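Working notes for the structure below.
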Amino acid sequence: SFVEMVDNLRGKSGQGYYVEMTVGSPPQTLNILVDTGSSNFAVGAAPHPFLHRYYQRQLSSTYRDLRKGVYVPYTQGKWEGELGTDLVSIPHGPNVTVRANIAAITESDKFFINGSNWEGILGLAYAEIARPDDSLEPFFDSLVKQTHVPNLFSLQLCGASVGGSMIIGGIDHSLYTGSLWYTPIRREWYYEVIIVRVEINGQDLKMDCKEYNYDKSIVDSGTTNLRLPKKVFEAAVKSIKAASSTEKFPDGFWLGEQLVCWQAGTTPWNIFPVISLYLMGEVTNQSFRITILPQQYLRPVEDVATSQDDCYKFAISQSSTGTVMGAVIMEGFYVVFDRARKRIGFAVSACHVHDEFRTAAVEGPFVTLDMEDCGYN
Ligand SMILES: COCc1cc2cc(c1)C(=O)N[C@H]([C@H](O)CNCc1cccc(C(C)C)c1)Cc1cccc(c1)OCCCCO2
Numbered sequence: 341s342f343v344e345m346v347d348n349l350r351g352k353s354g355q356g357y358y359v360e361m362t363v364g365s366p367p368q369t370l371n372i373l374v375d376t377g378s379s380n381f382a383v384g385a386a387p388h389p390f391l392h393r394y395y396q397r398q399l400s401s402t403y404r405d406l407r408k409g410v411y412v413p414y415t416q417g418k419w420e421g422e423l424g425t426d427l428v429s430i431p432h433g434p435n436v437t438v439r440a441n442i443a444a445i446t447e448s449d450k451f452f453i454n455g456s457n458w459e460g461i462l463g464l465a466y467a468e469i470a471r472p473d474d475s476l477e478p479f480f481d482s483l484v485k486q487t488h489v490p491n492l493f494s495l496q497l498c499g500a501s502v503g504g505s506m507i508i509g510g511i512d513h514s515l516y517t518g519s520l521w522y523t524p525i526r527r528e529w530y531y532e533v534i535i536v537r538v539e540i541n542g543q544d545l546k547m548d549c550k551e552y553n554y555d556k557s558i559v560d561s562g563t564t565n566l567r568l569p570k571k572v573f574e575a576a577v578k579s580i581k582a583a584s585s586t587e588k589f590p591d592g593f594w595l596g597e598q599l600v601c602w603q604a605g606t607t608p609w610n611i612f613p614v615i616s617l618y619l620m621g622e623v624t625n626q627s628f629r630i631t632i633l634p635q636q637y638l639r640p641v642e643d644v645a646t647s648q649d650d651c652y653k654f655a656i657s658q659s660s661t662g663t664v665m666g667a668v669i670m671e672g673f674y675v676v677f678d679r680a681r682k683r684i685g686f687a688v689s690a691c692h693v694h695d696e697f698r699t700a701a702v703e704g705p706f707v708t709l710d711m712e713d714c715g716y717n
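So for the sequence shown, this note's numbering puts the first residue at 341; every next one is plus one.
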């Protein structure tokens with residue numbers, strides 16, 4: 341019954357993928373950002389310059405106030421609100437209705453994005469990082485307890501406006517090619533994984549693999565960029581700089597601020613390297629790798645000038661809170677959040693990136709010794 345859920349995600353590039361949901365009786369329809377990097381379900385519940393619509397608790401006969409406040413600070417933006425429960429459905433999802441925790445957003449700061457077209461956020465991670473604390477049952481936990489939906493979902497994010505699929509309750513084999521490769525969920529809070537090796541154009545970065553996961557590595561559809569710990573980010577940028585030194589870039593381009601542009605159709609893709617992330621596998625001493633094309637980490641953006649050129653922003657940036665495999669990494673791939681088996685699966689997506697001579701890939705097996713040493717403690 342998964343064909344009903346294919347193509348149920350929309351978005352604008354860099355502004356988040358959202359799914360249509362309804363809350364309340366009678367159903368109020370809202371676009372909800374799909375976020376594997378948090379665990380709170382929350383919706384605009386008051387006017388805002390960037391909201392075309394919002395949740396009106398007064399109009400819902402099934403609303404229940406929880407008489408508790410809540411606030412969530414993300415890396416980017418924050419909101420506070422009022423906790424309640426209400427009936428929730430996903431029109432292009434499974435045919436079910438759950439009573440779910442809902443944070444009604446009454447104030448926010450740099451949270452809603454102008455033109456993103458979504459009015460709320462669906463945190464799909466685990467209770468441990470839910471606010472105000474882990475007793476607030478996240479939406480997907482509610483869905484699995486109250487219905488027969490199996491305890492897994494999958495994300496096919498298609499890149500640069502944008503669309504994709506969230507398969508709730510299973511895997512749709514028509515959305516990927518090749519084999520699924522699985523990496524363990526190291527701990528059920530974020531979707532934490534372990535990166536065991538990093539290569540740029542086939543050259544090992546030759547860092548202690550603890551640096552890749554300092555202090556954690558997560559799969560986060562709510563973040564746009566590949567974000568890397570400071571030491572790793574410097575090694576990678578240095579290597580990406582050297583591979584493309586044929587051309588000149590402002591040094592604020594490497595910080596994500598300034599664009600770079602080229603005459604339409606002349607982007608020198610060949611001079612940017614591929615990046616390979618090796619992930620811990622399912623069996624002893626075994627890993628696999630995912631390979632990222634420059635078309636994934638050079639995100640296309642609107643031409644700031646009066647021209648019609650190809651302009652790009654650098655979508656690898658620095659982190660002080662660990663590695664974040666953002667939407668830009670996920671776009672190459674079909675990603676299975678197999679919560680029931682504590683693992684995350686990767687396959688080449690059917691809507692994969694297209695280079696002339698190079699291809700995004702998920703390949704294994706690889707042998708990697710001492711993988712447990714790559715986790716940070
Ligand atoms: C250099 O890039 C920075 C950056 C860019 C960015 C979003 C985030 C960060 C962002 O913070 N996104 C969070 C995710 O939940 C974050 N996940 C990890 C996390 C970090 C801190 C605290 C928590 C707890 C709440 C669990 C969780 C979700 C979010 C919040 C606000 C807007 C948004 C998406 O718009 C989606 C489009 C992408 C917008 O671009």
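No residue lacks a Cβ here, since even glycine has one placed at the ideal position from N, Cα and C.
Judged by beta-carbon spacing, residue 507 lies within the 7 Å limit of residue 345, meaning their Cβ atoms are closer than that value. Assignment of beta strand (DSSP E) within the segment 404-487, counting only whole runs of 3 or more residues, yields 404-413, 418-429, 438-449, 460-463 in chain order.
Nearest in C-alpha terms to residue 563, of all of 347, 592, 374, is 374. The alpha-carbon of residue 357 is positioned some 9 Å away from that of residue 667.
Our two residues, residue 368 and residue 422, have alpha carbons roughly 18 Å apart in a direct line. The nearest non-hydrogen atom of ligand 1 is 6 Å or more from the C-beta of residue 358. Across the set 675, 629, 659, the C-alpha of 659 shows the shortest separation from the C-alpha of residue 596. CA-to-CA, the gap between residue 388 and residue 569 works out to about 35 Å.
The criterion of a C-beta distance shorter than 7 Å is satisfied by residue 691 and residue 498.
If the five residues before and after residue 424 are omitted, its C-beta is found closer than 7 Å to the C-beta atoms of 397, 403, 404, 405, 406, 442, 444, all from its own chain and listed in chain order.
Per the coordinates, the alpha-carbon of residue 475 lies some 21 Å from the alpha-carbon of residue 363. The beta carbon of residue 496 lies closer than 6 Å to those of 504, 505, 515, 674, 689 in the same chain, with the five residues before and after it left out. Taking 6 Å as the cut-off, one finds at least one heavy atom of ligand 1 near enough to the beta carbon of residue 563. Within the same chain, 434, 436, 483, 508, 509 come within 7 Å of residue 489 by CB-CB distance, once the 5 residues on both sides are set aside.
Between residue 376 and residue 520 the beta-carbon gap is near 17 Å, outside 8 Å, which marks them as no contact. If the five residues before and after residue 518 are omitted, its C-beta is found closer than 7 Å to the C-beta atoms of 687, 688, 702, all from its own chain and listed in chain order. The beta carbon of residue 629 is closer than 8 Å to those of 537, 539, 616, 617, 618, 619, 701, 702, 703, 704, 706 in its chain, skipping five residues each way along the sequence. If you draw a straight line from the Cα of residue 522 to the Cα of residue 486, it is about 27 Å long. In this structure, residue 425 has its beta carbon at no less than 6 Å from each heavy atom of ligand 1.
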